[PDB]
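S.K.: Quick one: structure below, then a few questions.
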Amino acid sequence: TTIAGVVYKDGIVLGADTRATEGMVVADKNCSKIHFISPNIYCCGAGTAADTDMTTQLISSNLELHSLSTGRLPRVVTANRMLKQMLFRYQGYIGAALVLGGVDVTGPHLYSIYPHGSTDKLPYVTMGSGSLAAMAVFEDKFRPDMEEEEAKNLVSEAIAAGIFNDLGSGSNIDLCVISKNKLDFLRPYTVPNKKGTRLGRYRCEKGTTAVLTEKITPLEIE
Amino acid sequence: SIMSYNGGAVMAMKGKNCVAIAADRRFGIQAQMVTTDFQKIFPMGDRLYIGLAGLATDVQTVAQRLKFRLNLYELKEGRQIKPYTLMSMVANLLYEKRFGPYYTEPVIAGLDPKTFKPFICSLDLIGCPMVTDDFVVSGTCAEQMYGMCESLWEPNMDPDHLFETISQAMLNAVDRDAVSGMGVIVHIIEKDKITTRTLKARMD
Amino acid sequence: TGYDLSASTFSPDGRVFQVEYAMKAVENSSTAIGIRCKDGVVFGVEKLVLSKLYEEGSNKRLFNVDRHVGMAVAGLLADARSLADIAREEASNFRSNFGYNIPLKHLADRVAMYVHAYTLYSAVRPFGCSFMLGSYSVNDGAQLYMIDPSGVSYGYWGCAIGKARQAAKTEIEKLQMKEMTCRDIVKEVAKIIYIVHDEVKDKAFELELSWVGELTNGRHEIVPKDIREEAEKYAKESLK
Amino acid sequence: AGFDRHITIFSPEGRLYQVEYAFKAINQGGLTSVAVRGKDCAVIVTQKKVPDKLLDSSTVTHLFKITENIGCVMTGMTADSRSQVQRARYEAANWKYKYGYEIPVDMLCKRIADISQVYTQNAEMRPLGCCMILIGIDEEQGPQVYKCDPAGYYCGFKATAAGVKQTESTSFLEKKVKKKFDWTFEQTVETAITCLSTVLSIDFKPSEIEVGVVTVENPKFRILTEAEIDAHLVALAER
Amino acid sequence: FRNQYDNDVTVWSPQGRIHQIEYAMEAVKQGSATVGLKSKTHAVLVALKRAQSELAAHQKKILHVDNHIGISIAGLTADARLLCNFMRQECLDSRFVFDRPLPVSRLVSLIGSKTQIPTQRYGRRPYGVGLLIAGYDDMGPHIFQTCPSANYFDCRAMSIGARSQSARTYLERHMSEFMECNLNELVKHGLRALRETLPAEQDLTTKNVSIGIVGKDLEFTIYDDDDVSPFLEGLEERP
Amino acid sequence: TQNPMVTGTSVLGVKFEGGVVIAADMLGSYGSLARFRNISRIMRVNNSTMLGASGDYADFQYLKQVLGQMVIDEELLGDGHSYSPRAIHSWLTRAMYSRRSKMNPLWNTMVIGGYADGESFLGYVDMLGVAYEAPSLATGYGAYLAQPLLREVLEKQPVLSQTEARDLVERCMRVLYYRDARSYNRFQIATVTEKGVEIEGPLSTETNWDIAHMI
Amino acid sequence: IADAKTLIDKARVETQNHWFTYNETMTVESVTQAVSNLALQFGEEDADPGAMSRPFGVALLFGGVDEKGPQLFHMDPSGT
Amino acid sequence: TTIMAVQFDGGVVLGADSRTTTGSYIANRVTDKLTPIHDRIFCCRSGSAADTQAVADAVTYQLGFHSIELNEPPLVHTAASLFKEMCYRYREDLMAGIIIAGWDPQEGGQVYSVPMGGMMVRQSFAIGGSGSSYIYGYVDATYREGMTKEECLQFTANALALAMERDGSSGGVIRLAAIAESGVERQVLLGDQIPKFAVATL
Amino acid sequence: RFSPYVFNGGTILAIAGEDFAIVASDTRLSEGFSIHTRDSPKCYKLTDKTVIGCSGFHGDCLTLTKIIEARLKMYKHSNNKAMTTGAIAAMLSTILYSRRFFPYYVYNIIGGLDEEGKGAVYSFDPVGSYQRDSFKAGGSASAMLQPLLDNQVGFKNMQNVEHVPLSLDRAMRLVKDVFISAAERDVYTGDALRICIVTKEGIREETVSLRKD
């Protein structure tokens, strides 16, 4: 897993890979590691996938209630505090490394949340197995007050560096741009690698497989 | 691992206006088969099926608990569950026991109640849902059957071609593992019918 | 009219009469007064001697709720002793958690809230005690607080509770406590108590006094008996 | 009857008379409070009556600070007022702890009011016989004025009063907003003081009233000194 | 009428009196009389026991809590037994924890708290029993009384139960000599005092008298029917 | 405290005619580091009692707060009674034994010293709740080093004066400073008497390093 | 008869508990006190739900030979 | 990490490095370990970041509620006592070393040290964290009574620089704060601004 | 890491008689190789007719003595009589078994006079199994002491030797001698012996010196 985020001049850009590995076999491709917490707050997740999914969903629901009651868009600090307090209560047994990104009345905020309840507000963050390579790219090429296209290019480069160099990561790249004005969620922004053409067709003709028994049960379409 | 104690294999595949779900039949305690008729695929609807591989006890237990929840859902809401909603329910059930997990790796395969768009997904030990457009696999022989699926599968397959592909993949995969085999059953779900066939396989 | 039976109830005109009935409890009590001056706070109680059999230094209405604060009570003595236990617990908890001696204003607020809890619920009656609290700290200064059965709390330059509250209050009013010092204030407290005491209705009383201030280094303590005797002789002389 | 004397039971007309009696409990105190909003400021005024000379005037107050940037004025039972003030302070601090930002005035009022609702629905406890009026500045919405009542109604207001002269005071304020030109800080304070003084007939002196203000320039709630109050009062008399 | 305000302890009366507590205080008057008096070196408890019938044995009116404390009861034997169990466990806890005899003043304070809790809450009745607590500690001999109201007193001497005013007046007129008395003189004084309470026809006997003595060298001992004969023989006759 | 964190060593005590004296170094060591060098490891429980501790300083501070509140509340009720050193020792034995039984031990071993009713008291309490009374006491490495000297002088002379007892504890502190790494030069001395408790400020041991040149 | 059965059960279990703990036989006075303590609980000083609110509407006569010889004890609904 | 506080007459100077690490990876090189518990009370945080952040937020909550209900500025000793109670009650499950420093009108500038295990000591200067080991000698020699505010700032900067160069866990930029009656003046020293000391340079 | 026990040493002895019982113990408390104190008698007077001796972990000895004293008071209050030696023994068995799973590390001996007037000694394992014995030694030096008691008092393995009822004087001589031998050859036991003899008169305490280490 590589997830990464950066703050550009008028918002945030979040990026992640789309590979899920159970052991050392790629259990899934085109997995979505960018989650919805609120209209203005999206969060990437890494670590235990179920923990990331469920904690992000729970905080999404709590912030939905909070925003409904207060009548104003949710703040990023509220999401950060909810997440960190839950994670601290569970003492790291729920395993989630999260890049929390959203824009609110204060401005653009990017937070990085560790499994034990630590949080860090930063201009740029990375998490997962490829965090070191992504951080290498960020440390090299991040500059303050970047434009949106520049930030997208940087995050794509970092997630790509994580993809190629790290084994656990690798698939299409996803991007998400949150601005004060708009949100653009970009399932595959880039497709760095593709499966090669199958030279030989092995399509099994009918009758290739023997069958001891069969039972056809008609369904009453209606 | 504890998952390897009983052993199993479950597979699902997506064609065109059809799904196939297939699983082995062996039930054995670490090496000694007991029965060649274990039910690892259970019906969760008219054209929605679940497939459980892992510990036999947790297979049966999560199947029964899910049927409890699903029957109450169908009675309360007066409609058949959508496949994605069954996925979410199963994920909630498994994550409820995030500590002391049910040792299963479920697979859901079915058609949408109205669109009849095909749906396949898999869940991990602790309820991580993964939806795929090509195939999903679970059990001891995930590695072998993953490779076999990645080779054989093709998009927009006919029902007959889907049956041939899933049959070949399960048979050749379970041939190369010790703890699964003793026959395989293939369920084919189409909008108009369910076709269940038991293949001829090596009983070794 | 069933409105007065319980404290959960309200009168149709917006009055919780059980609390007022409990306020009438303290008026049965013998008077007690506390006066605050520059150096510190002096407390005094008119402890009626019901029988010769009872030991002196018994039925004490002046309690020490912490080293730096003292409590004087009027109303039901059982409820008062219980409230004193509550106040001592609050002070000890404050010291244990926040690491220093409780401010008197905060202590009064906490015990007042504990008292106010009881006026709300139907299961339990309001307290039948009204009590005064006083402390001196070099930071805060001299502070005197009074808590009614309702849970109302306020700071008083001079205060009286019990049967002779009104007469004691006018006598205290003509005193100018702010300029004065504690060793005079004990004498004037004795004078006021001897004035308000009714010899016909009340057979006899033993003046019970205490103070806190700089002269104690900020510890509430019972008056030394020599000073008690001097103040009592002065009060008898002034009474005429 | 018997349909009163318990909060739970409904009248045959479905009115819950007990809470209506709690509303009378506010007027039993004999004090009035007024709150009026301005373009850049919100103010709260209330009578300050010291029954005895011996009472320390500093201690007696109906103006409390729920948090650094929110202030309240309570009208009704003093003890219930103090308890609700404590609950409000706890709610504000707990909001800051959980959600990382200062509680909005509207959400504080909503929390206190729904607590008052749980009081008016459960049997054994009684509604607190007090009324709260909260003033603060919200960055998005500017100044705010809100009121809780024993029932659980928490509506916001341009200007309000509570206490015995509430109807007279709101009649006075209604005329003033109707002839709306603006309210700067000085005019806001003057409107509050004129409303209170006119309805009571008091012709106040600085000791008799206590005023608290919030302003967009200085968001913190502050209780003005007797000198500032006299400065405003003299300006009223001069014109 | 005022039958209302008498039903429960939790209802104040319009003149600030909790009538159920007073009705409980009436309970002590029902029981047979008891007298307690002290000297500089000793504390004494003496009692008048009652019997249901000639065949029945006389009831136990003096109970030992600890070596250094013992009690005598007037009022409900049930409440007496319960409170005695509580006191015994408190003293045992003090000896276990601190390895010191519990101060008698502190013990009666604990009794007062435990007794006070019923009066304020709905539910359990006030403990309708009056106890005389007598003990020796480092400070000296002590005698206390506890009412069904949780208030307690410290006494030079005291008498509780039926017709105890006669004993109280005898004790008051003879009190000055008690302090310097021998234990024999002191028990004789107390015996005459309870003899005042008896009917004129009745007289003190070995059977209906129980004596309880504690001192610096003497642990609490209840001298029973046979053992009271040394103390009783000195007494002369009825006046 | 399953693991001690910041610890102090070697509180010594000996009972003299008309009182008791206890002395302790003012160092709390963070595992071979002299992290805290002005901490006071002796407390004034009441006018008639002293207490000093070796082991985890945090447990000592907790016991200080608890026992001090206990002393305060008895002073508040103010019936003329007060806790004896025997009473404080018994309660402390109970508390330490209970925390041991709960397997949440208070790591400290404490000396309770007091003079009341004309009789001196000096008692030991361990983290496991082992407790006893004796003429002289030494905790930590004091038990191995100082206690022989104290026992020799006390066995030959059962009763000792305040002056010679003070000289003795000073000599034992000198020995412990020589031959214990966790020890410190600065130490306090505190003595209970008929008058009361007085704790002397930082006191220091003259040290003889003559054998260094002998080499 | 019913609350009598209850008190008899209490007496029996207390006698056997005494035998278990101290390897001896209770006195008639001690057994009568044991049942009396149960009878006292109508006051509801204890917070336990399983105590009858009403007093026990039965009187018992306890007769037994103890260290003091033959003894006859009377018990009443009050618990005296 | 290295955290250091020193008391000057009328206030305190707090100082800390910016480095937090996971193993040998510097997860954040710009961390802020000096947090405001209150307007004039700060804590220097060393130990587990999650533990320290949680306890800091909790103490901030409690001290704010206490301060508002008392209607008085809170005391540094009060904040330190709250920290002690938390850290001692959870000493087994908690890994934090805190230095509580601030200004209150009653007692002026104060510095309190809460090491691991939950004990409270007041110190004229306090150092904590992994890197404090290396600079114990420097602070012991260099410290002099009655230093000025600027002198204490330079002292804290030099000590933290030495600990930073000699400790891998410590590093980054030096974050310094001066708390007094007037208010908090926070500054960051970076690059050349950080004090540098010569190398052996054979 | 934390060990809830330490062996504080000491030995206890009890020897019954036709009309008497004796209970005797060392007065040394020793943790590890160091001597905590030389005057800490292990014998405690429960009643006029009973003495208990405890050896093992001293904290458990102390708490068990306090518990037994408290329950003795409670029995006195409830039953209006003093506990007999057998009653104390059974109560102690139950108390010890209460903590089967976190035991008291103590070896207990109860010595006293029974209701009939004869001497009785009750001997307990750490977990509360108890047996009436004519004599027994407990603690560190049980192995050394008990064989000689078996030979002299029980006349075991002695041929053509008459059996005499033990006398108070002979018993005390034997107790002093056996404790002297245990002082010689057991490191833990020494520096004094407290002999507590119970008769119809009551407890009588004699102390005799044993060699300091």
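Swiss-Prot numbering applies to chain I: residues 29-241, in that order.
Structure method, as recorded: electron microscopy, 2.9 Å.
Just so you know, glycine gets a Cβ as well, placed from its N, Cα and C.
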S.K.: Quick one: which of I:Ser62, I:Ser83, I:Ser106 has phosphoserine in Swiss-Prot?
M.R.: I:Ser62
S.K.: Going by Swiss-Prot, point out which residue in I:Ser162, I:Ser237 is annotated as phosphoserine.
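M.R.: Checked Swiss-Prot: the phosphoserine annotation sits on I:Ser162.
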S.K.: Looking at Swiss-Prot, which of I:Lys94, I:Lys204 is flagged as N6-acetyllysine?
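M.R.: Per Swiss-Prot, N6-acetyllysine applies to I:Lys204.
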S.K.: Counting across all protein chains present, how many other Cβ atoms fall within 10 Å of the Cβ of I:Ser62 (phosphoserine)?
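M.R.: If we count other Cβ atoms within 10 Å of I:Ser62 (phosphoserine), we arrive at 12.
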S.K.: Could you check which of these modified residues, I:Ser62, I:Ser68, I:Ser162, sit within 10 Å of I:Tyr150 (phosphotyrosine), going Cα to Cα?
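M.R.: Within 10 Å Cα-Cα: I:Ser162.
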S.K.: Which of the recorded positions I:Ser58, I:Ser62, I:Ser162, I:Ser209 has its Cα closest in space to the Cα of I:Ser68 (phosphoserine)?
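M.R.: That would be I:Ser58, nearest by Cα distance.
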S.K.: If you count Cβ atoms within 10 Å of each one, which of the glycosylation sites I:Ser58, I:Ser209 comes out on top?
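M.R.: Of the glycosylation sites I:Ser58, I:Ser209, the highest Cβ count within 10 Å belongs to I:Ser58.
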S.K.: For I:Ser162 (phosphoserine), list the number of other Cβ atoms lying within 10 Å of its Cβ atom.
M.R.: 16
S.K.: Nearest to I:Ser62 (phosphoserine) in three-dimensional space, by Cα, is which of the recorded positions I:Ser162, I:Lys204, I:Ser209?
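M.R.: With Cα distances computed to I:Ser62 (phosphoserine), the winner among I:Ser162, I:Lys204, I:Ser209 is I:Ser209.
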S.K.: Between the Cα atoms of I:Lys204 (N6-acetyllysine) and I:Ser162 (phosphoserine), what distance do you get, rounded to the nearest Å?
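M.R.: Rounded to the nearest whole number, the Cα-Cα distance is 18 Å.
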S.K.: Measuring Cα to Cα, how many Å separate I:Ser58 (O-linked glycosylation site) from I:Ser209 (O-linked glycosylation site)?
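M.R.: Rounded to the nearest whole number, the Cα-Cα distance is 19 Å.
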S.K.: Measuring Cα to Cα, how many angstrom lie between I:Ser209 (O-linked glycosylation site) and I:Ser162 (phosphoserine)?
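M.R.: Cα of I:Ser209 (O-linked glycosylation site) to Cα of I:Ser162 (phosphoserine) measures 21 Å after rounding.
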S.K.: Near chain F by Cβ (under 8 Å): which of the recorded positions I:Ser62, I:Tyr150, I:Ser162, I:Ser209?
M.R.: I:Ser62
S.K.: Validating a neighbour-count step here. Other CB atoms within 10 A of the CB of I:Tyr150 (phosphotyrosine): how many?
M.R.: 26
S.K.: Hey, what's the Cβ neighbour count for I:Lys204 (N6-acetyllysine) at 10 Å?
M.R.: 15
S.K.: Among all protein chains shown, how many Cβ atoms are found within 10 Å of the Cβ of I:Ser68 (phosphoserine), not counting that one?
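M.R.: Excluding its own Cβ, the number within 10 Å is 24.
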